[PDB]
Amino acid sequence: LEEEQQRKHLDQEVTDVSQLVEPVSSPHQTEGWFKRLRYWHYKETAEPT
Amino acid sequence: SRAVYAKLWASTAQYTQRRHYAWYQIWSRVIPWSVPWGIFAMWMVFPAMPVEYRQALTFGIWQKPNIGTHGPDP
Ligand SMILES: CCCCCCCCCCCCCCCCCC(=O)OC[C@H](COP(=O)([O-])OCC(O)COP(=O)([O-])OC[C@@H](COC(=O)CCCCCCCCCCCCCCCCC)OC(=O)CCCCCCCCCCCCCCCCC)OC(=O)CCCCCCCCCCCCCCCCC
Ligand SMILES: CCCCCCCCCCCCCCCCCC(=O)OC[C@H](COP(=O)([O-])OCC(O)COP(=O)([O-])OC[C@@H](COC(=O)CCCCCCCCCCCCCCCCC)OC(=O)CCCCCCCCCCCCCCCCC)OC(=O)CCCCCCCCCCCCCCCCC
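These protein sequence lines are chains C and J, in that order.
For the record, in the first sequence the residue sitting at position 47 is 242 according to the entry's author numbering, with numbers rising by one throughout.
For the record, in the second sequence the residue sitting at position 39 is 40 according to the entry's author numbering, with numbers rising by one throughout.
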């Protein structure tokens, strides 16, 4: 039902790169020396008890 | 009970330490193989060392071969 009652951005008409939707994710995340790529999602760290 | 479930969860908390105990057990069974391989190595490089050193590692037992040639000059 959510898929038939919500609107999709790809159904609107845009013409310029400046009008593209802005992501809700923030660019400020991973930090460190010589860390070239600055955005990630998943990791394999063990969960505690 | 929540108390029981907690103790079962914690039973496997020290995974990393138990793997280290595995390291010890296996390396104790393997390390004696260094003696056979060590004897053969010294056995191979023994003749390339000086005469003076060859008599030290054997406590004066080893000596030059006596085959009947290259004796003192009168
Ligand atoms: C008496 C003379 C003595 C002389 C000796 C020197 C004395 C110096 C005294 C200085 C005293 C005052 C300053 C103190 C600063 C202390 C900083 C500190 O400890 O950190 C605090 C604090 C630590 O907190 P933290 O939580 O760890 O934060 C760390 C950050 O998160 C970090 O992560 P982040 O995410 O925030 O940052 C992004 C990250 C990641 O960024 C990236 O990955 C992006 C990279 C983009 C690169 C794109 C390049 C494209 C262009 C390429 C061009 C072509 C090249 C190829 C072609 C080549 C052809 C040949 O960026 C970096 O990794 C930066 C890289 C910096 C490299 C600089 C290396 C310089 C080495 C100099 C030589 C040293 C000796 C070498 C060995 C010699 C032989 C034994 O750090 C900060 O807050 C940031 C400060 C960063 C400062 C960096 C610059 C310092 C410069 C100091 C002066 C040096 C002068 C040298 C010459 C002197 C001539 C006389
Ligand atoms: C019930 C059944 C009974 C049956 C009847 C009985 C059966 C038995 C009868 C046997 C009778 C003898 C038979 C003949 C055997 C000998 C003849 C012989 O065989 O000669 C070889 C024969 C000629 O021999 P040679 O070269 O003229 O011999 C010259 C000598 O070697 C001359 O060598 P060198 O002068 O250059 O060097 C000698 C030197 C060499 O010295 C060294 O290299 C090292 C010396 C320094 C050692 C420092 C050790 C420091 C640590 C000491 C620790 C002490 C602990 C004390 C603890 C006390 C506790 C209370 O040694 C010494 O100076 C004497 C040693 C005195 C020191 C005492 C220590 C000794 C070492 C002890 C080690 C540790 C042992 C215990 C270990 C376990 C416990 C920890 O060669 C041939 O016939 C070659 C034929 C061609 C073969 C072709 C092979 C195949 C080719 C194709 C290969 C490709 C295909 C692959 C095929 C693979 C096939 C598998």
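Beta carbons: idealized from backbone N, C-alpha and C, even for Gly.
*Length at least 4, wholly inside the segment 45 to 70 of chain J: the alpha helix (DSSP H) runs in chain order*: 52 to 55
*For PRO222/C versus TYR234/C, is the C-beta spacing smaller than 8 Å?*
yes
*Should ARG202/C be counted as a contact of ligand 1 given a C-beta to heavy atom distance under 7 Å?*
no
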